[PDB]
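One chain is shown next in structure tokens, namely the form deposited in one PDB entry.
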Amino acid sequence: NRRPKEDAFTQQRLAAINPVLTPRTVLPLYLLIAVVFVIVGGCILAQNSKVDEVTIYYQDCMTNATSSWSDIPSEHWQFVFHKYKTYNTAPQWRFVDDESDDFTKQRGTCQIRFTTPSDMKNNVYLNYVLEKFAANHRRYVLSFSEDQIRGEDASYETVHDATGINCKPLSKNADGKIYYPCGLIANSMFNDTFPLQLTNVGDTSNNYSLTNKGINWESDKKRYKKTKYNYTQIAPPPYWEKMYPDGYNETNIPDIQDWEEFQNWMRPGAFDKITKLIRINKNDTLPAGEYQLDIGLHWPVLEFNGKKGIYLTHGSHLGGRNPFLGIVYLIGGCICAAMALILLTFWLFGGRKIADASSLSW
């Protein structure tokens, strides 16, 4: 017949709970969430406060530093050490001109001598920070070639004519040799030569070694693969034309699978501040001493008033020193504990019965 099927789904009789928010169940739900989030945020701020860091901005080293060891002004450097909270022994800095470079906008070597009163632990991260460099405009972040990242000898109509992501302003040069790391992202790669060690000032054969391996994820070598262009087909990018003065030989075409400093720059920063890892040591503790950074200056920032610096740290499991997560869990507890208190003291002094406040039968 036409009698509908009675199976408790079609009759809308599924098993259910019907939760009713009484204050005997809701007010212990706030106190549980409030006690959890003040124990969590109390343990986050304890582990966050023990994160030491060294931030030295060196963008003014050609002009505000001379050929002798003078102090860095306090505008540029910040130290955080939890066992030495009144630490103010300023790092020194020195400029070596290198007149045979003939670039004159950013050349030479900036020699930074910082002092660390406490030792950073086993894994030491040497980041570089960039401020006011905008790597997040909508034409910048789409300008690269996905085919050339995966190690393919892509044509001109697959690096320039692709649909969303293409090397649109920087595809090929005047004679026609297409740029191998193309687009604005790979062209404007950060230049500054950082050393492969920290020179222990005051000691010999105790230099803290650093490396450019283990600088990106190991899983990025499945995507960044060695190229299959010949030297004839490709040319260096128009701002890489000083590292490669003769262009690409049959020996100097860069393997981007093993070159992890390129692989970090091809991941653009989301925000105005950019922090990318460039040196690491996974082996040794960095002892408490005065060390020396020797930065080959090649990267211009002062034409857009941007800063340019160094972030030496051993982070935490949350990463970096940021006081936000510990404060905002403690705010989440002290709000859930306060509005457990406000609704309870409104309940003992207002309050109603659970049966007959209904407007139908007044």
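Don't overthink the numbering: it's just position in the shown sequence, from 1. Residues that one form lacks are left out of the comparison. Between two forms, the rigid core is the largest collection of C-alphas that superpose within 1.5 Å.
A second form of this protein, the form deposited in another entry, is not displayed here; the remarks below concern that form.
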### Query
Relative to the superposed core, which single residue of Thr104, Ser74, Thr204, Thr251 shows a CA shift of 2 Å or more between this form and the one not shown?
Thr204
### Query
Can we say the CA of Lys353 moves by at least 2 Å between this form and the one not shown when the core is superposed?
yes
### Query
Given a rigid core superposition, which stretches of at least 3 residues have all Cα atoms displaced by 2 Å or more between this form and the one not shown?
203-205, 349-361
